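If you want the building blocks of each chain, they are given just below.
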Amino acid sequence: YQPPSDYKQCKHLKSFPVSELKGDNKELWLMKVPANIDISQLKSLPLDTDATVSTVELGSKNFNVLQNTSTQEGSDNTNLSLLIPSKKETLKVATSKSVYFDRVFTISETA
Amino acid sequence: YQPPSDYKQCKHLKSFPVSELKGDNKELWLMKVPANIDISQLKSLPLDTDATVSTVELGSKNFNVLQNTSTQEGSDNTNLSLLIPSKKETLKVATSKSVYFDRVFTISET
Amino acid sequence: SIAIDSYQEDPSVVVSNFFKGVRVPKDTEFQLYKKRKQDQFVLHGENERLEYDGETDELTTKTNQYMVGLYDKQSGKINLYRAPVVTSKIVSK
Amino acid sequence: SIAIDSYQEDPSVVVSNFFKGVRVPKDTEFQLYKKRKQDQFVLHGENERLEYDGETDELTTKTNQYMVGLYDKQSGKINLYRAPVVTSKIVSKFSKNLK
């Protein structure tokens, strides 16, 4: 296999830890957040892990929190898989027994 | 001062040999090279320095060259003045007497 | 020949174009600001049985960003990592 | 609160969307590929006398790239460094026109 004309091979990827993943203590979150937000500047993400529709206050901006998982509509994500390298360019689907998502969120502006 | 809506402050900029500049052994090259070329892959730049109107073979696609500095049109670029990070958070002016470009280039496709 | 010695991708120097014959002192401190633009991706999964190919939705990579996180319920912390969403398919040549 | 610990921008993890209920083994090796698109810039020069502001021509930063290089005549080598061209202007906070 050869990639396209202007796409260049990712060689020095950052290692995502998978020891702290599968745990009898930890989780695995996903954030469908708008591109407008600089997540580097963010100091804290104080949201509600046991409610469907809610409001996040991030700095001075009041976003509408929607839990994707706690809506029994798109309850299950067997579609989406996480990749990880074990060498840093050799990304592979994270292992447990195969890792699927738990809490998944989308935060919106004032429509 | 405050920057725009999607422009983020450069904090960890890379060092440049400012010492090599003032001496009379090193030079200063500028280039309008097409974006099509992966300058990382490039091993050599065998470009004619005496011919104001030249060519330049970079891999396969033959290049067209305007050695722009060798014309009274762009034979003064006292606006193009190199900036260098001394702290890595701010940029300062390279000093000589103010450093401008020694040689300039318009390398184009065919 | 004029053989290349080294090449830097990462931002370092900033060529400024004011006018012919500018007077710029030493005390004047400059600040650069790179625009935030989440680039596009391609993925290729391979072994001796199946091929796994995928690309990225340009409009999505400009509107909403995606990020993966590890969360300790017992502690209350989030180890966030920015990740792109690649819509892939399965094949075998 | 659920205070943030770390955030990485640079490439690490890649979430994939195949179909519901995929069967992906361990022996299958994946390769990611970031597209080159040279980003835009803004510049602000400042001191106790003058202000220096400028932006980048979007169309130029997609068509042709700009480079700076140091060349040893006695050796025949080129130390290239990629640099953007920022068209900047000069101002002061109402200091010279009204004064």
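What comes next concerns the included structure. (Residues numbered from 1 in each chain as written, not as in the entry; some residues may be left out. Chains lettered and ligands numbered in written order. Heavy atoms only, no water. Residues with missing side-chain atoms left out of burial classes, pairs and counts.)

**Concerning the sheet that holds strand 8 (residues 85-91) of chain D**
Strands belonging to one sheet form pairs held by backbone hydrogen bonds; the direction of such a pair is parallel or antiparallel.
At step 1: Pairing in this open sheet of 6 strands is mixed, and the strands run 1(B)-3(C)-4(D)-5(D)-8(D)-2(C) from one edge to the other. At either margin of the open sheet sits one strand with a lone partner, and together these are strand 1 (7-9) of chain B together with strand 2 (15-16) of chain C.
At step 2: Of the pairings in the sheet, the one linking strand 2 of chain C to strand 8 of chain D comprises 2 bridges and is parallel in character. Each bridged residue has a counterpart across the sheet, and for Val 15 of chain C the counterpart in strand 8 of chain D is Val 85 of chain D. (Pairing = 2+ DSSP bridges. Helix = DSSP H or I, 4+ residues; strand = E, 2+ residues; numbered from the N terminus.)

**Some details on the packing of aromatic side chains**
The geometry of two aromatic rings is summed up by the distance between their centres and the angle between their planes.
At step 1: Considering all chains together, one arrives at 11 aromatic pairs over all chains under this definition.
At step 2: Between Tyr 52 of chain C and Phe 18 of chain D, the ring centres sit 5.9 Å apart and the planes meet at 75°, which makes this aromatic pair edge-to-face. Of this pair, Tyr 52 of chain C sits in strand 5 (residues 51-55) while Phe 18 of chain D sits in the loop between strand 2 (15-17) and strand 3 (29-35), placing the two residues on different chains.
At step 3: Taken together, the ring pairs connect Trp 29 and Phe 105 of chain A together with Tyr 71 of chain C into an aromatic cluster. (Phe/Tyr/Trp six-rings, centres within 6.5 Å; stacked < 30°, edge-to-face > 60°.)

**Brief notes about the interface of chain C and chain D**
At step 1: The partner chain D presents 61 residues to the 61 residues of chain C that form the contact.
At step 2: Taken together, the two surfaces of chain C and chain D that pack against each other cover about 5600 Å², and 58% of this comes from carbon and sulfur.
At step 3: The interface formed by chain C and chain D holds 1 salt bridge in total.
At step 4: Residue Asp 39 of chain D is joined to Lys 34 of chain C by a salt bridge in which the shortest nitrogen-to-oxygen separation is 3.3 Å.
At step 5: If you look at where chain C meets chain D, you find 35 residue pairs in polar contact.
At step 6: Per-element accounting of the side of chain C that touches chain D gives the leading share, 7 residues, to strand 3 (residues 29-35) of chain C.
At step 7: Residue classes in the side of chain C that touches chain D are distributed as 31 nonpolar, 17 polar and 13 charged.
At step 8: Where strand 1 (residues 3-8) of chain C lies against strand 7 (residues 77-82) of chain D, 5 bridges are found, and the strand directions are parallel. Each bridged residue has a counterpart across the sheet, and for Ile 4 of chain C the counterpart in strand 7 of chain D is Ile 78 of chain D. (Contact = heavy atoms within 4.5 Å. Buried area = accessible area lost by both parts, 1.4 Å probe. Salt bridge = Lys/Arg side-chain N within 4 Å of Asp/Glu carboxyl O. Polar contact = N/O pair within 3.5 Å; in protein donor to acceptor, adjacent residues only side chain to side chain. Nonpolar A, V, L, I, M, F, W, Y, C, P; charged D, E, K, R; others polar.)

**What about the sheet that holds strand 4 (residues 42-46) of chain C?**
At step 1: Judged by pairing direction, the sheet is mixed, and its 7 strands sit side by side in the order 1(A)-3(D)-4(C)-5(C)-8(C)-2(D)-5(A) without closing on themselves. Either end of the sheet is taken by a strand with one partner, and the two such strands are strand 1 (7-9) and strand 5 (80-81) of chain A.
At step 2: When strand 4 of chain C meets strand 3 of chain D, the two strands line up antiparallel, connected through 4 bridges. The residue bridging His 44 of chain C from the neighbouring strand is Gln 31 of chain D, located in strand 3 of chain D.

**A word on the pattern of salt bridges**
At step 1: Under the counting rule described, the total for this entry stands at 13 salt bridges over all chains.
At step 2: When the shortest N-O distance is used, the salt bridge between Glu 9 of chain D and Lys 8 of chain B registers 2.6 Å. Here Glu 9 of chain D is found in the loop between strand 1 (4-6) and strand 2, whereas its partner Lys 8 of chain B is found in strand 1 on a different chain.
At step 3: Since its relative accessible area comes to 34%, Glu 9 of chain D is described here as partly exposed.
At step 4: For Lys 61 of chain B, the salt bridge is made with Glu 109 of chain B, and the minimal N-O distance between the two is 3.5 Å.
At step 5: For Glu 109 of chain B, a relative accessible area of 31% corresponds to the partly exposed category.
At step 6: A single network of salt bridges, built from pairs that share partners, joins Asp 38 of chain A, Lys 8 of chain B, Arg 36 of chain C together with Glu 9 of chain D. (Buried < 20%, exposed > 50% of the residue type's maximum accessible area, 1.4 Å probe, protein only.)

**Notes on the side chain of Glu 27 of chain A**
At step 1: As for its placement among the helices and strands, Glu 27 of chain A is situated in the loop between strand 1 and strand 2 (29-34).
At step 2: Given a relative accessible area of 5%, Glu 27 of chain A falls into the buried group.
At step 3: A distance of 2.7 Å separates polar atoms of two side chains, one belonging to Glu 27 of chain A and the other to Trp 29 of chain A.
At step 4: Setting aside residues up to four positions removed in sequence, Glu 27 of chain A forms contacts with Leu 21, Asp 102 and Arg 103 of chain A together with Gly 69, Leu 70, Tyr 71 and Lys 73 of chain C.

**Points about the pairing of strand 4 (residues 42-46) of chain D**
A regular strand places its side chains so that they alternate between the two faces of the sheet.
At step 1: Burial analysis of strand 4 of chain D places 4 of its 5 residues in the buried class, the great majority of the element.
At step 2: Judged from the 4 bridges that link them, strand 3 of chain C and strand 4 of chain D form a sheet pairing that is antiparallel. Of the residues in strand 4 of chain D, the one forming a bridge with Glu 29 of chain C is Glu 46 of chain D.
At step 3: Of the pairings in the sheet, the one linking strand 4 of chain D to strand 5 (residues 51-55) of chain D comprises 5 bridges and is antiparallel in character. Its bridge partner lying in strand 5 of chain D, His 44 of chain D is registered against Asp 53 of chain D.
At step 4: Hairpin connection of strand 4 of chain D to strand 5 of chain D: 4 residues between the antiparallel strands.

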